[PDB]
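>>> sequence unknown, structure follows:
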């Protein structure tokens with residue numbers, strides 16, 4: 001398992017514009033297009049992202065290209081964020097994947113606000129971190145995914161993702 005396989009499980013793959021868990025237009029492997037309620041606005045963002053007139057549909061190669069860009073953006077966002085970088089650097093490789101997953105789902109600013117959980121993670125107080133992370137809108141709105149990511153932080157193993 002690696003971060004691509006992990007987020008592919010959590011986000012799925014859809015080649016036509018769809019609405020994500022929050023009702024926002026999205027495509028591919030969790031690529032958010034816009035928070036606007038306008039499908040036309042989403043289609044315009046899609047064409048801009050892919051570089052051709054897509055009419056709301058992309059290929060698997062295009063979805064995977066957006067995904068590579070998005071994972072890279074999540075990692076770069078962590079490394080540029082003064083609250084997130086030290087915690088990330090303190091983590092082992094498996095737990096770094098859990099961190100990237102959270103930033104991919106909710107964005108860098110959003111995770112950087114998880115102040116108390118970040119401190120527990122930096123301190124390697126894993127069970128305490130797990131309890132704190134679950135006290136969140138994130139957990140209540142996407143509990144199955146949050147449980148997987150939390151188990152990954154708690155254990156430092158891929159047990160929650162084996163086998164898919």
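Thanks, I have the structure now. Numbering: from 1, shown residues only.
>>> Let me see the ranges of the helices in the chain.
For the chain, the helices defined by DSSP state H occupy 3-11, 39-50, 60-80, 84-90, 93-106, 108-112, 115-122, 126-134, 137-141, 143-155.
>>> most packed of these?
Of all the helices of the chain, helix 93-106 has the most neighbours on average by mean count of other CB atoms under 10 Å, namely a mean of 21. Where you see a C-beta, it was placed from the backbone N, CA and C, and this is true even at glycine.
>>> From the contact counts, what lies against that helix?
Applying 3 or more CB pairs under 8 Å, 6 or more residues apart in numbering; DSSP states H and E, we find helix 93-106 packed against helix 3-11, helix 60-80, helix 84-90, helix 108-112, helix 137-141, helix 143-155.
>>> Next, the angle from the second one to helix 93-106.
For helix 60-80 against helix 93-106, the angle by axes from the mean of the first three to the mean of the last three CA atoms, to 10 degrees is 110 degrees.
>>> How far off centre is helix 60-80?
Put simply, helix 60-80 sits 10 Å off its chain's centre (CA atoms, centre = their mean, to the nearest Å).
>>> So what touches that helix?
3-4, 7-8, 13, 15, 27-31, 49-50, 58, 84-85, 88, 99-100, 103-104, 107-108 (CB atoms under 8 Å, 6 or more residues apart in numbering).
>>> so what's residue 154 closest to, chain neighbours aside?
Spatially, and ignoring its direct neighbours in sequence, residue 154 is nearest to residue 130 (4.2 Å; CB to CB, 6 or more residues apart in numbering).
>>> Quickly note the distance from that neighbour to residue 122.
Residue 130 sits 14 Å away from residue 122, taking CB to CB, to the nearest Å as the criterion.
>>> roughly how far apart are the residue nearest to the spatial centre of the chain and residue 137?
Among the residues of the chain, the one closest to the centroid is residue 104, at 2.5 Å (CA atoms, centre = their mean). Between residue 104 and residue 137 the distance, using CB to CB, works out to 17 Å.
>>> With residue 20 instead?
For residue 20, the distance to residue 137 - CB to CB - is 15 Å.
>>> do residue 129 as well
Computed as CB to CB, the residue 129 to residue 137 distance reads 17 Å.
>>> same question, residue 44
In terms of CB to CB, residue 44 sits 30 Å off from residue 137.
>>> Ok, residue 147 next?
For residue 147, the distance to residue 137 equals 15 Å [CB to CB].
>>> got it, and residue 118?
Separation of residue 118 from residue 137 (CB to CB): 16 Å.
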